[PDB]
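What follows is one structure encoded as C-alpha cells, with my remarks underneath.
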Amino acid sequence: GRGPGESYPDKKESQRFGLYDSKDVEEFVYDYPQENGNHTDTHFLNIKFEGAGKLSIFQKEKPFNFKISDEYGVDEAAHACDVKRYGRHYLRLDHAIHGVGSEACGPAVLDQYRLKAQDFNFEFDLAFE
Amino acid sequence: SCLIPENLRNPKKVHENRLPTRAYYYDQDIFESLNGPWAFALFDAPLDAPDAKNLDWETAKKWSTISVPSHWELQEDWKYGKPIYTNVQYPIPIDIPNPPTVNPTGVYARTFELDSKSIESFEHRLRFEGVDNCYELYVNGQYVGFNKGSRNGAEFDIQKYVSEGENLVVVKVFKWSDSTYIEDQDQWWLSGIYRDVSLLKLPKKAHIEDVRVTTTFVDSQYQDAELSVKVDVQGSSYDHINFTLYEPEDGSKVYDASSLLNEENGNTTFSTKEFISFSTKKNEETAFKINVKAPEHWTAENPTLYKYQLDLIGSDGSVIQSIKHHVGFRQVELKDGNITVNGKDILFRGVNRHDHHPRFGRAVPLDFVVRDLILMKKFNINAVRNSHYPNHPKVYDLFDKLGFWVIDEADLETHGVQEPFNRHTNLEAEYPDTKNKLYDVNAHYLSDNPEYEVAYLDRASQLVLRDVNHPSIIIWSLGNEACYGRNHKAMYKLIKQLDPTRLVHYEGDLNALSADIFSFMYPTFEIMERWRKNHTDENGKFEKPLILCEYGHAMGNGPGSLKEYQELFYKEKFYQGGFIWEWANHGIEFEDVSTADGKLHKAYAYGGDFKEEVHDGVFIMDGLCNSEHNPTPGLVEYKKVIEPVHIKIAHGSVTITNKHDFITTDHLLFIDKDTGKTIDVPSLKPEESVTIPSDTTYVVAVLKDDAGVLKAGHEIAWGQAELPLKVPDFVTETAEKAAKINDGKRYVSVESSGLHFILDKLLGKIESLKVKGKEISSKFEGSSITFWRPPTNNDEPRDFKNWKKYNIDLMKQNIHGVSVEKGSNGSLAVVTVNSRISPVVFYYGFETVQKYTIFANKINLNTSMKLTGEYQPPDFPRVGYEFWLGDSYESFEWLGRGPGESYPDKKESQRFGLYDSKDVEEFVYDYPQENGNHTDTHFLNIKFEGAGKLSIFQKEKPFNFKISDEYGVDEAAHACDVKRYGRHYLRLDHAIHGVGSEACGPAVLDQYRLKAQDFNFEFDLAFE
Ligand SMILES: [Mn+3]
Ligand SMILES: [Mn+3]
C-alpha cells in the first residue's frame, strides 16, 4: 500500500505504493499528541509473529486503513512524553477514516474526504500462514 | 510439607497394592485393550485435581478427550505444554526427596462394560505398561492403588471393585515425585499414560500366574541340555499341567513386520511338529526338569527357537489356560574372564537404543520398533543396550526372533546430582579411569542413601521378573550414571538371587565390586590399554572383561575412528566390543520459521526450540540414524567397520577371514565384481581364513537367500585392492596458437581461440575463465584460497574454538606482485601471483605463489604456501579453492570414494568406483554442518550443458571436493534454515581436517588432523 510514512484521505499522495516493512520506518512523533500512524489505501497487511510466520489481512474489493501501535491516553497527553503505553500492541483495522483538512485555521475537510454518516458494509479475511 | 501429597515425596512408597511382577506373556483371550479416547483434564498441582472418590462419569463425560497411549506434551497445538530436553541437569530444584509444589497433574477417566457371566467366570486386573511419572488408580470411586516406575509395568487386582454394567476407571497421573530423582536419563521429559492399558480376564478358580524357563547345558562340550520349566499356579481347581516342546525352527527363518507382530489367536493351532511331551501328576509339583538331546543352539547370529505350549488342565481334562511361547537353548557364563555364550567369548557389535519416535515420543508403535531392528540387522549390528530402561514388554520377542545380544537395563539414572558439583568446581573433563572419584562425592544423596534402597530394589526386581524368559537377554544392567553406593550392592545381591542365569552390568561401578563385567564409556585407546594391563596378571589371565557400553558418539558428522576402536577389539580377547551411542536422533517434528525463507517449514526440534528455561541444545541429535530413524553416513560407516567377514585383496590374492562368533560363511555368495562370476569359497568356521589366487580388484560377500529380515543379494561384507592414482590420458594442446595478452593497470587478459582468462591483479581473483563454452570464476571473499568449514558438532567444543580464536574464517589474500610472461613450452602464457594469505589481527600466514600456466585447452595451477610468522594455530579445517560454476553447469561425475560423503577418519565404507551425482541422494543433516566432501578423489568431471566436461585432477595425490548450492550453514538451526545461491560452486581442496568424536569422546586422532604446515599442490583444469 502507501508508505513508508502515514497517510490520510486528503494527505496521501506523497506516500507512493510499494511493499513496506515496519522495521525500515521511523514512525513520526508529533510535538502535540494526536491522531497518527494510519496507512490508507492498504492492499494487504502481514503481521509477523515470532516462530509462527504471518497473519495476512485483506479487505474485499477495496483497499483499507490500518494502524499498529502501543499507545493510548493520546487525547489528553499534552506532550510526546505524556503518551501512555500498553504492555502489548494492538491493530486498529479500519474500513474508512475521516480526512484531515486544515480547519484549525482554514477550510474544513473537503466533501469528498469526509467520512459521512451512512451504512457500512465490508468484508475482511484473516488468513493464517 | 502438607502442600505436597505424602506419596509424591516418599522414596519408600514405590507402589500401593501392585501385584508381584511376573513373566510377561501376551494372550489375546486374556488381554482386552483399554486404549483409545479417555476423558482428560490437566491441573496445576495435586490440590486442584478433584477427589476421585467423588468423581462421576457424568462429570468426567464433559471433559475434553486425550488418546491413550500418548504423552501430554505431544498433542495437537501443544495443548498441554511442550517437551523439555535436559541432559545431565535436573529440570527441578534439588531438595531430596521433594518434588516441586507446582506439579502438573493429569486426571484420566473412561468406562468399560462388564457382564453377569464375566464377574463369575474371571479374575479381573488392570495392567498399565507405562505411565510417567507416577499415578494413583481408582475404580468405581474406590482407591485401588499407587505406582512408581515410569518404564516398568504394573498390575492391580480389580475384582473387589467391579460391578455389572458400566465401570469407571480414573487415573491420577503426576509429572514429578521423589521418583524423578532416579529418572534423570539424557532424553526428553514427557508425561502421561504413554504405553498400553489393558483389562485382564484370568480364569477364576485356577490360572497360571508365572513361568520360569531355563536352559543349562549339562556338559563342557555344550551338547545335551537340561530344560527347566517351573510354573506358579494360583488356585485349587486344577489337576495338572501338560507341556509340549515342538521341533525347532532354524534362525534363518523369514520374517516381516506383519508376521513378527501377528498376535493371533484362540482357535489357532500353535504347532503340531511334536518333539517332547511331559505331563504332571495330580497333587504334584507343577514344575519339571527334562533332558534334551543335543538341541539346536540359540545365538544372535542364528536365533533358533523351539516353540512350546504349556497347558493348565482341570479335573474333567479340559484346558483351563494355555501359554504359547518359545525356548532358546543358550547359556551365558563368566568363563576364564570372558562373557561367554555357549562357551564362546562373543563380540558385541552394538548400539544403545532409546524409545523414540519423532511425533509420538516414547509412545512408540511396535511397527516402528520393528523398523528399527530390521535396519539394525541390515547394517551388521548384533546387539542392543536398552538405554536406559526396559522397553515395551512385546519388544523382547522381537529380539528373541531376530537375534540380538541384549542388555536389559533398570530404569534408574541419577546423573543430575553431579551438575552443581561440576559447575562449582569448574570441572572441564571426566575420564573413564578416574571419574568415579567425582561421583563418589555425591553418591550419599541417592545411590548411597538408605531411604532409596526400596526404590532401587524395586527397579531391579521389576526389570528382571518381567523379562526373565527371553534368550536374547544375556545381561542385566543396574541402571546408568547413578554414582556408586550400597543400593547398587543390594540390587546385585537381589538380581543374582532372582536370576542366577545371567550376568550383571553397571558402568558406575568402576571396579565391578557388585558387577560381573568391566565397562567404559567413550574411552581413549590409552585408557583402555592401561585398564587391560592393570587387570591382566603375569600369566595373561583376567578375571573380568571390558565392554564399551557407550562409545563412538554418533552426533552429527561422525563418528571418526570407528576403525581404530575395531582394530583394538579384534586384537585383545579382553575387549569384547561395544555399543555406540546412539541409535537415532531424538528430534521432535515441529513447525519452524525459516531463517532463509521467512516462511514456515517442517523441522526437527532439539533443546531450545520448545523454549525451556534450562536445556542442553543439540545433544538431542546424537544418533547413527536421523530423527526420522533413517541411516546417516555414521550408520553406513559403522556397518563397514563391524562387517563379520574380512576380505583383503593384495598380491594376486584374496584373503577371506570369518569374523562371526558362531556361524559359518556357507550362507554367503562371494562375487568377483570385476568379472561378475562367483568365487568358490570353502566353508569357513569362526576365525578360519583362506587365501585364493585371483586377478580381482573388488570382491563382494552377499546373502544367498532371504533369511531373517534380510533379502537375497544383501551385502554383508566387501573388499577392494588399493587403487593406484593414474593420471588421465588428457591431451594438452601444446601446438602454437596466437594469443593476445593484455596486462592492464588492474586486470590481466589472456585471449586465444576458445579461451578467455581474466585475473584481477589487485585481488588475486579470477574474474572469468571461459574455455570451450565452459566457464568458472573464483568464489571470492577476501581470499582465493580458503580454510573454513561450517563447524561439525564434534568441531564445536575445541577445534572450532581454536579456529575462531585464530580468525581462520577471516583469512585475507594480500597481493604483493603479479608477473605476466608469454608462453614457453606449448604454453600460451604464464601468470604468476605472489601474495600473503593471512587473517586480520594476526602475524601468521602463508607466503604464497600461484603459478597459472595457460594452455589452449588446459590450465595448470601450481600452489606454493609457506607458513610464516609467530602465534600460529595448531590445525586448519580445510585448505583449497572455491569456484563459481557457469550457468551451463548441470551435473558431475568422479573417480574416487562414494557414493556418499567421506572424511579422513570416516571414509572406508565409501568404496572406490566411478560415481555420478545424479545417482546420489545427498545427505541432509538434522543439524546443518560440514557435509558433502569426497575424499581420496582421483579425478572430477564437471558437466556443462552443450559443452561437455571440465576434468580436474591433482598431481601425485588424490584430493578433496564438494559441489553445492548452500551457505549460511554455520548459523542455520535446522535444514530449512540453509540458504541457497542462484548458482553452484566447487570447493576444491588439497586437504581437510578429520571428524573425530570430540562432542563426547576423543579428539580427531593425530594422523587425521590437518596440522599447520607448508602446503604445496598442483591442479590441472582440463577442458574437453
Ligand atoms: Mn506534558
Ligand atoms: Mn530453524
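As shown in the C-alpha cells, the chain order sets the letters A, B, ...; within each chain, residues go from 1, and ligands are also counted from 1 in the order they appear.
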| request: Quick one: everything within 12 Å of residue 113 (chain B), counting only C-alpha atoms, minus sequence neighbours fewer than 6 positions away in the same chain. Send it as an NGL selection string. | output: :B and (32 or 34 or 119 or 162-169 or 199)
Using N, CA and C atoms, can you export the residues from the last selection as a PDB file, in the first residue's frame?
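Listed below is the output, again-v3.pdb:
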```
ATOM      1  N   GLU B  32      -7.502 -57.424  27.054  1.00  0.00           N
ATOM      2  CA  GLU B  32      -8.543 -56.661  26.410  1.00  0.00           C
ATOM      3  C   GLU B  32      -8.079 -55.213  26.467  1.00  0.00           C
ATOM      4  N   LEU B  34      -7.709 -51.263  26.580  1.00  0.00           N
ATOM      5  CA  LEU B  34      -8.459 -50.084  27.007  1.00  0.00           C
ATOM      6  C   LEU B  34      -7.885 -48.814  26.384  1.00  0.00           C
ATOM      7  N   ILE B 119     -17.964 -61.519  35.710  1.00  0.00           N
ATOM      8  CA  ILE B 119     -17.523 -61.414  37.104  1.00  0.00           C
ATOM      9  C   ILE B 119     -17.480 -62.787  37.772  1.00  0.00           C
ATOM     10  N   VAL B 162     -15.396 -54.102  40.931  1.00  0.00           N
ATOM     11  CA  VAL B 162     -16.168 -54.081  39.696  1.00  0.00           C
ATOM     12  C   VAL B 162     -17.646 -54.411  39.888  1.00  0.00           C
ATOM     13  N   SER B 163     -18.480 -53.793  39.052  1.00  0.00           N
ATOM     14  CA  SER B 163     -19.923 -54.006  39.053  1.00  0.00           C
ATOM     15  C   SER B 163     -20.384 -54.494  37.699  1.00  0.00           C
ATOM     16  N   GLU B 164     -21.561 -55.107  37.678  1.00  0.00           N
ATOM     17  CA  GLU B 164     -22.239 -55.410  36.430  1.00  0.00           C
ATOM     18  C   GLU B 164     -22.659 -54.089  35.771  1.00  0.00           C
ATOM     19  N   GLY B 165     -22.523 -54.006  34.448  1.00  0.00           N
ATOM     20  CA  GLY B 165     -22.818 -52.779  33.708  1.00  0.00           C
ATOM     21  C   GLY B 165     -21.582 -51.916  33.512  1.00  0.00           C
ATOM     22  N   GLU B 166     -21.762 -50.597  33.614  1.00  0.00           N
ATOM     23  CA  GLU B 166     -20.675 -49.624  33.481  1.00  0.00           C
ATOM     24  C   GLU B 166     -19.697 -49.649  34.650  1.00  0.00           C
ATOM     25  N   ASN B 167     -18.406 -49.605  34.333  1.00  0.00           N
ATOM     26  CA  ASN B 167     -17.367 -49.455  35.344  1.00  0.00           C
ATOM     27  C   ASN B 167     -16.499 -48.242  35.039  1.00  0.00           C
ATOM     28  N   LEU B 168     -16.191 -47.459  36.068  1.00  0.00           N
ATOM     29  CA  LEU B 168     -15.406 -46.236  35.909  1.00  0.00           C
ATOM     30  C   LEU B 168     -13.942 -46.388  36.350  1.00  0.00           C
ATOM     31  N   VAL B 169     -13.019 -46.167  35.416  1.00  0.00           N
ATOM     32  CA  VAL B 169     -11.591 -46.141  35.730  1.00  0.00           C
ATOM     33  C   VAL B 169     -11.110 -44.702  35.732  1.00  0.00           C
ATOM     34  N   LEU B 199      -7.372 -54.502  30.259  1.00  0.00           N
ATOM     35  CA  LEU B 199      -8.185 -55.216  31.220  1.00  0.00           C
ATOM     36  C   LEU B 199      -7.890 -56.701  31.048  1.00  0.00           C
TER      37      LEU B 199
END
```
All residues 6 Å or closer to region 142-145 of chain B, only C-alpha atoms, same chain fewer than 4 positions away omitted, as a PDB file with N, CA and C atoms, in the first residue's frame:
```
ATOM      1  N   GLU B  16       1.402 -48.981  45.885  1.00  0.00           N
ATOM      2  CA  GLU B  16       0.450 -49.480  46.852  1.00  0.00           C
ATOM      3  C   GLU B  16      -0.501 -50.434  46.148  1.00  0.00           C
ATOM      4  N   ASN B  17      -0.535 -51.675  46.633  1.00  0.00           N
ATOM      5  CA  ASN B  17      -1.381 -52.750  46.090  1.00  0.00           C
ATOM      6  C   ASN B  17      -1.028 -53.267  44.689  1.00  0.00           C
ATOM      7  N   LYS B  53     -12.606 -40.098  44.588  1.00  0.00           N
ATOM      8  CA  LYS B  53     -13.611 -40.864  45.322  1.00  0.00           C
ATOM      9  C   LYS B  53     -15.013 -40.286  45.102  1.00  0.00           C
ATOM     10  N   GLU B 136      -2.005 -42.636  40.969  1.00  0.00           N
ATOM     11  CA  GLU B 136      -2.940 -43.416  41.776  1.00  0.00           C
ATOM     12  C   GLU B 136      -4.144 -43.838  40.922  1.00  0.00           C
ATOM     13  N   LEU B 137      -4.699 -45.012  41.231  1.00  0.00           N
ATOM     14  CA  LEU B 137      -5.723 -45.646  40.410  1.00  0.00           C
ATOM     15  C   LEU B 137      -7.019 -45.834  41.186  1.00  0.00           C
ATOM     16  N   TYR B 138      -8.140 -45.517  40.538  1.00  0.00           N
ATOM     17  CA  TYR B 138      -9.478 -45.630  41.133  1.00  0.00           C
ATOM     18  C   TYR B 138     -10.452 -46.390  40.229  1.00  0.00           C
TER      19      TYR B 138
END
```
| Residues near region 114-127 of chain A, cut-off 6 Å, only C-alpha atoms, skip fewer than 2 positions along chain, as a PyMOL selection string | chain A and resi 55-60+98-99+111-112
Go ahead and save the residues from that selection, with N, CA, C and O atoms, as a CSV table (one decimal), in the first residue's frame.
```
chain,number,residue,atom,x,y,z
A,55,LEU,N,0.3,-13.5,9.8
A,55,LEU,CA,-1.2,-13.4,9.6
A,55,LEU,C,-1.4,-12.3,8.5
A,55,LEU,O,-1.0,-11.2,8.6
A,56,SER,N,-2.0,-12.7,7.4
A,56,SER,CA,-2.3,-11.8,6.3
A,56,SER,C,-3.7,-11.3,6.4
A,56,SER,O,-4.7,-12.1,6.7
A,57,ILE,N,-3.9,-10.0,6.2
A,57,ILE,CA,-5.2,-9.4,6.3
A,57,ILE,C,-5.5,-8.5,5.1
A,57,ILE,O,-4.7,-7.7,4.7
A,58,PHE,N,-6.7,-8.8,4.5
A,58,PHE,CA,-7.1,-8.0,3.3
A,58,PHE,C,-8.6,-7.8,3.3
A,58,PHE,O,-9.3,-8.7,3.7
A,59,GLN,N,-9.0,-6.6,2.8
A,59,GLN,CA,-10.4,-6.3,2.7
A,59,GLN,C,-10.9,-6.6,1.3
A,59,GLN,O,-10.1,-6.4,0.3
A,60,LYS,N,-12.1,-7.1,1.1
A,60,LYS,CA,-12.6,-7.4,-0.2
A,60,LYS,C,-13.0,-6.2,-1.0
A,60,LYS,O,-13.7,-5.3,-0.6
A,98,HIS,N,-11.9,9.5,8.5
A,98,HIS,CA,-12.2,10.9,8.1
A,98,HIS,C,-10.9,11.6,7.6
A,98,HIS,O,-9.8,11.2,8.1
A,99,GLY,N,-11.0,12.5,6.7
A,99,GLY,CA,-9.9,13.3,6.2
A,99,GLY,C,-9.3,14.2,7.3
A,99,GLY,O,-9.8,14.1,8.4
A,111,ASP,N,-15.5,17.9,1.1
A,111,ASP,CA,-16.6,17.0,1.0
A,111,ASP,C,-16.2,15.5,0.6
A,111,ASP,O,-16.6,14.6,1.3
A,112,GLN,N,-15.4,15.4,-0.4
A,112,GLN,CA,-15.1,14.0,-0.9
A,112,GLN,C,-14.1,13.3,0.0
A,112,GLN,O,-13.9,12.1,-0.2
```
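Nearest-residue note for chain A: choosing from B:77, B:748, B:883, B:320, the minimum distance belongs to B:77, counting only C-alpha atoms.
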| said: So that I can see what lies close to region 758-766 of chain B, please list as a PyMOL selection string the residues with an atom at most 12 Å from it, counting only C-alpha atoms and leaving out residues fewer than 2 positions away in the same chain. | reply: chain B and resi 740-752+755-756+768-771+775-785+812-820+831-837+848-852+854+881-884
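Taking region 3-127 of chain A and asking which residues DSSP calls helix (DSSP H, G or I) on the backbone, you get residues 22, 23, 24, 80, 81, 82, 103, 104, 105, 111, 112 and 113 of chain A.
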So that I have them on file, write out the residues from the current selection with N, CA, C and O atoms, as a short mmCIF file (atom, residue, chain, number, x, y, z; two decimals), in the first residue's frame.
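Resulting contents of result-v4.cif:
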```
data_model
loop_
_atom_site.label_atom_id
_atom_site.label_comp_id
_atom_site.auth_asym_id
_atom_site.auth_seq_id
_atom_site.Cartn_x
_atom_site.Cartn_y
_atom_site.Cartn_z
N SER A 22 7.76 -2.46 8.58
CA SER A 22 7.74 -1.59 9.76
C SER A 22 9.13 -1.33 10.33
O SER A 22 9.38 -0.27 10.91
N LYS A 23 10.03 -2.29 10.14
CA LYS A 23 11.41 -2.19 10.61
C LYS A 23 12.23 -1.11 9.90
O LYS A 23 13.22 -0.64 10.44
N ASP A 24 11.80 -0.72 8.71
CA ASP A 24 12.52 0.28 7.91
C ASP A 24 12.06 1.72 8.18
O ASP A 24 12.61 2.66 7.62
N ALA A 80 4.67 14.64 23.88
CA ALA A 80 5.04 13.27 23.49
C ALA A 80 5.34 12.37 24.68
O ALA A 80 4.99 11.19 24.67
N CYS A 81 5.99 12.92 25.70
CA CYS A 81 6.38 12.15 26.88
C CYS A 81 5.21 11.82 27.81
O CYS A 81 5.36 11.06 28.75
N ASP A 82 4.04 12.40 27.53
CA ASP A 82 2.84 12.16 28.32
C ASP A 82 2.01 10.99 27.77
O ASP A 82 1.03 10.56 28.39
N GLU A 103 -8.69 22.89 9.19
CA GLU A 103 -9.72 23.71 9.84
C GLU A 103 -9.26 24.46 11.10
O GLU A 103 -9.95 25.39 11.53
N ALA A 104 -8.13 24.08 11.68
CA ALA A 104 -7.59 24.84 12.81
C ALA A 104 -7.41 26.31 12.41
O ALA A 104 -7.55 27.20 13.24
N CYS A 105 -7.10 26.53 11.13
CA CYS A 105 -7.10 27.87 10.52
C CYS A 105 -7.16 27.77 9.00
O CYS A 105 -6.13 27.71 8.31
N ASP A 111 -15.49 17.89 1.08
CA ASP A 111 -16.59 16.95 0.99
C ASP A 111 -16.21 15.52 0.64
O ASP A 111 -16.61 14.58 1.34
N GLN A 112 -15.44 15.35 -0.43
CA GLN A 112 -15.06 14.03 -0.93
C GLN A 112 -14.13 13.27 0.03
O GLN A 112 -13.87 12.09 -0.16
N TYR A 113 -13.66 13.95 1.07
CA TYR A 113 -12.76 13.31 2.02
C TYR A 113 -13.39 13.10 3.38
O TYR A 113 -12.78 12.49 4.27
#
```
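Counting only C-alpha atoms, residue 306 (chain B) has the following residues at most 10 Å away, ignoring those fewer than 4 positions along the same chain: residues 245, 246, 247, 248, 249, 250, 275, 295, 296, 297, 298, 325, 326, 327, 328 and 329 of chain B.
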| said: I need the residues of region 848-958 of chain B that end up classed as strand (DSSP E or B) by DSSP on the backbone, written out as a ChimeraX atom specification. | reply: /B:848-854,858-868,875,878-885,889-897,903,906,912-916,934-937,939-944,948-954
| message | List the spatial neighbours of residue 36 (chain A) as an NGL selection string - criterion: any atom at most 10 Å away, only C-alpha atoms, same-chain residues fewer than 2 positions off excluded. | response | :A and (6-8 or 27-30 or 33-34 or 38-39 or 67 or 69 or 74)
Write a file of the selected residues as an mmCIF file, in the first residue's frame, keeping N, CA and C atoms.
```
data_model
loop_
_atom_site.group_PDB
_atom_site.id
_atom_site.type_symbol
_atom_site.label_atom_id
_atom_site.label_comp_id
_atom_site.auth_asym_id
_atom_site.auth_seq_id
_atom_site.Cartn_x
_atom_site.Cartn_y
_atom_site.Cartn_z
ATOM 1 N N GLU A 6 2.904 7.659 7.271
ATOM 2 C CA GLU A 6 1.443 7.660 7.439
ATOM 3 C C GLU A 6 0.732 8.286 6.231
ATOM 4 N N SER A 7 -0.561 8.013 6.090
ATOM 5 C CA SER A 7 -1.361 8.597 5.014
ATOM 6 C C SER A 7 -2.838 8.676 5.386
ATOM 7 N N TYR A 8 -3.478 9.746 4.916
ATOM 8 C CA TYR A 8 -4.879 10.039 5.185
ATOM 9 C C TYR A 8 -5.570 10.466 3.877
ATOM 10 N N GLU A 27 8.595 5.831 12.810
ATOM 11 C CA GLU A 27 7.255 6.403 12.865
ATOM 12 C C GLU A 27 7.280 7.781 13.520
ATOM 13 N N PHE A 28 6.541 8.708 12.921
ATOM 14 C CA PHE A 28 6.611 10.106 13.295
ATOM 15 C C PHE A 28 5.958 10.427 14.641
ATOM 16 N N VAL A 29 6.706 11.133 15.485
ATOM 17 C CA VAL A 29 6.233 11.574 16.787
ATOM 18 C C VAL A 29 5.837 13.050 16.703
ATOM 19 N N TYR A 30 4.546 13.331 16.868
ATOM 20 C CA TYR A 30 4.042 14.707 16.895
ATOM 21 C C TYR A 30 4.418 15.434 18.189
ATOM 22 N N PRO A 33 0.538 15.466 20.890
ATOM 23 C CA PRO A 33 -0.029 14.141 20.607
ATOM 24 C C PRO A 33 -1.424 14.207 20.003
ATOM 25 N N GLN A 34 -1.622 13.459 18.919
ATOM 26 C CA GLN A 34 -2.889 13.411 18.186
ATOM 27 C C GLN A 34 -2.919 12.231 17.209
ATOM 28 N N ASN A 38 -1.780 6.173 10.729
ATOM 29 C CA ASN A 38 -2.677 5.464 9.833
ATOM 30 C C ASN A 38 -2.033 5.255 8.478
ATOM 31 N N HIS A 39 -2.380 4.141 7.834
ATOM 32 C CA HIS A 39 -1.936 3.881 6.475
ATOM 33 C C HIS A 39 -3.163 3.638 5.622
ATOM 34 N N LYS A 67 -3.618 0.858 11.531
ATOM 35 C CA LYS A 67 -2.621 1.419 12.440
ATOM 36 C C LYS A 67 -2.193 0.336 13.424
ATOM 37 N N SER A 69 0.016 -0.013 16.838
ATOM 38 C CA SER A 69 0.703 0.732 17.872
ATOM 39 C C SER A 69 0.505 0.168 19.275
ATOM 40 N N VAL A 74 -3.748 9.380 24.356
ATOM 41 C CA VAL A 74 -3.269 10.339 23.372
ATOM 42 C C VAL A 74 -4.091 11.629 23.401
#
```
| task | Considering only C-alpha atoms, extract the chain B residues located within 12 Å of chain A and return them as a VMD selection string. | result | chain B and resid 77 590 to 595 597 to 602 609 to 611
Let's have the selection written as a PDB file, in the first residue's frame, with N, CA and C atoms.
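As written to disk, out_22.pdb reads:
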```pdb
ATOM      1  N   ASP B  77      -1.407 -28.853  18.577  1.00  0.00           N
ATOM      2  CA  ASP B  77      -1.269 -27.454  19.013  1.00  0.00           C
ATOM      3  C   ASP B  77      -0.618 -27.261  20.384  1.00  0.00           C
ATOM      4  N   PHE B 590       8.213 -30.453  14.358  1.00  0.00           N
ATOM      5  CA  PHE B 590       7.530 -29.201  14.682  1.00  0.00           C
ATOM      6  C   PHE B 590       7.623 -28.224  13.524  1.00  0.00           C
ATOM      7  N   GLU B 591       6.834 -27.156  13.600  1.00  0.00           N
ATOM      8  CA  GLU B 591       6.861 -26.104  12.591  1.00  0.00           C
ATOM      9  C   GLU B 591       7.863 -25.023  12.969  1.00  0.00           C
ATOM     10  N   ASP B 592       8.824 -24.801  12.074  1.00  0.00           N
ATOM     11  CA  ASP B 592       9.930 -23.876  12.288  1.00  0.00           C
ATOM     12  C   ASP B 592       9.744 -22.672  11.380  1.00  0.00           C
ATOM     13  N   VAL B 593      10.137 -21.487  11.850  1.00  0.00           N
ATOM     14  CA  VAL B 593      10.209 -20.325  10.962  1.00  0.00           C
ATOM     15  C   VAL B 593      11.605 -20.276  10.375  1.00  0.00           C
ATOM     16  N   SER B 594      11.664 -20.229   9.050  1.00  0.00           N
ATOM     17  CA  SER B 594      12.932 -20.283   8.341  1.00  0.00           C
ATOM     18  C   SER B 594      13.719 -18.976   8.348  1.00  0.00           C
ATOM     19  N   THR B 595      14.998 -19.102   8.668  1.00  0.00           N
ATOM     20  CA  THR B 595      15.960 -18.014   8.620  1.00  0.00           C
ATOM     21  C   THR B 595      16.345 -17.667   7.174  1.00  0.00           C
ATOM     22  N   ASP B 597      14.108 -18.208   4.558  1.00  0.00           N
ATOM     23  CA  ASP B 597      12.885 -18.056   3.792  1.00  0.00           C
ATOM     24  C   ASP B 597      11.937 -17.001   4.362  1.00  0.00           C
ATOM     25  N   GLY B 598      11.892 -16.922   5.691  1.00  0.00           N
ATOM     26  CA  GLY B 598      10.914 -16.101   6.391  1.00  0.00           C
ATOM     27  C   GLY B 598       9.587 -16.834   6.449  1.00  0.00           C
ATOM     28  N   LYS B 599       9.594 -18.094   6.026  1.00  0.00           N
ATOM     29  CA  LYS B 599       8.370 -18.886   5.940  1.00  0.00           C
ATOM     30  C   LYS B 599       8.409 -20.106   6.852  1.00  0.00           C
ATOM     31  N   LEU B 600       7.257 -20.752   6.983  1.00  0.00           N
ATOM     32  CA  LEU B 600       7.077 -21.858   7.915  1.00  0.00           C
ATOM     33  C   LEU B 600       7.370 -23.213   7.256  1.00  0.00           C
ATOM     34  N   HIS B 601       8.213 -24.013   7.909  1.00  0.00           N
ATOM     35  CA  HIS B 601       8.651 -25.313   7.387  1.00  0.00           C
ATOM     36  C   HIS B 601       8.694 -26.352   8.488  1.00  0.00           C
ATOM     37  N   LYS B 602       8.536 -27.611   8.084  1.00  0.00           N
ATOM     38  CA  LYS B 602       8.694 -28.753   8.978  1.00  0.00           C
ATOM     39  C   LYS B 602      10.174 -28.907   9.357  1.00  0.00           C
ATOM     40  N   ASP B 609      14.312 -25.187  21.150  1.00  0.00           N
ATOM     41  CA  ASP B 609      13.215 -24.970  20.202  1.00  0.00           C
ATOM     42  C   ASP B 609      11.851 -24.878  20.891  1.00  0.00           C
ATOM     43  N   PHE B 610      11.696 -25.604  22.000  1.00  0.00           N
ATOM     44  CA  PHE B 610      10.481 -25.536  22.811  1.00  0.00           C
ATOM     45  C   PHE B 610      10.613 -24.564  23.983  1.00  0.00           C
ATOM     46  N   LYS B 611      11.646 -23.722  23.922  1.00  0.00           N
ATOM     47  CA  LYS B 611      11.840 -22.589  24.846  1.00  0.00           C
ATOM     48  C   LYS B 611      11.905 -22.982  26.332  1.00  0.00           C
TER      49      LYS B 611
END
```
| message | List the spatial neighbours of region 728-737 of chain B as a PyMOL selection string - criterion: any atom at most 12 Å away, only C-alpha atoms, same-chain residues fewer than 3 positions off excluded. | response | chain B and resi 725+740+751-755+822-829+853-860+895+938-941+949-956+1020-1024
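Going from CA of residue 222 (chain B) over to CA of residue 472 (chain B), you cover 18.0 Å.
You will find CA of residue 63 (chain B) at 17.1 Å from CA of residue 193 (chain B).
Closest approach to ligand 2 from the set B:213, B:446, B:521, B:969 is made by B:969, with distances taken over only C-alpha atoms and all ligand atoms.
Atom pair CA of residue 889 (chain B) / CA of residue 974 (chain B): separated by 27.7 Å.
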| note | Of A:86, A:73, A:95, A:101, the one sitting nearest ligand 1 when using only C-alpha atoms and all ligand atoms is A:73
| message | Counting only C-alpha atoms and all ligand atoms, which residue out of B:478, B:45, B:513, B:596 sits closest to ligand 2? | response | B:596
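Take the candidates A:84, A:18, A:9, A:3 and check each one against ligand 1 using only C-alpha atoms and all ligand atoms; the shortest distance goes to A:84.
Minimum atom-to-atom distance to ligand 2, evaluated using only C-alpha atoms and all ligand atoms, belongs to B:604 out of B:604, B:698, B:1008, B:923.
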